[PDB]
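So this first bit is one chain, no partners, the form deposited in one PDB entry, shown in structure tokens.
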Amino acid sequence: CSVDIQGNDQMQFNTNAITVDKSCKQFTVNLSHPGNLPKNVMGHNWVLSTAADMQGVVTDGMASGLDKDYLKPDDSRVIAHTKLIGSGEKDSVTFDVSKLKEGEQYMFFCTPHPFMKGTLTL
């Protein structure tokens, strides 16, 4: 009921599609950042939202700034998210699988690098 994801210096996630077993009651995303670049230069976060809510989350996120992990505080559109991390760091996030609906389209992405994205499916 977990998945390990890496966001590197070349602005790439090592997965573009996540599968969550609806049998799981909790899902865990373990984000790590291989490379040398610091959080202020190559910071990555892992954010989950519906495909439709993605742009809103990304724009309002960038405006919130680095100190707010490029995420709008208490954003109800963010189903789950990790903290912004720099190279060498690591951060995990666990969420209730019931926050997800079967058949709906979810996108996971990094707000400061929204092209680093993928799908999340139950």
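One-based numbering along the sequence shown. For the two forms, the rigid core is made up of the largest set of C-alpha atoms that agree within 1.5 Å on superposition.
Although it is not shown, the form deposited in another entry is what the next lines describe.
- Superposed on the core, the two forms barely differ at residue 74: its CA moves less than 2 Å between this form and the one not shown.
- Superposition on the rigid core between this form and the one not shown places the CA atom of residue 21 less than 2 Å from its counterpart.
- Once you line up the core between this form and the one not shown, the Cα of residue 64 ends up 2 Å or more from where it was.
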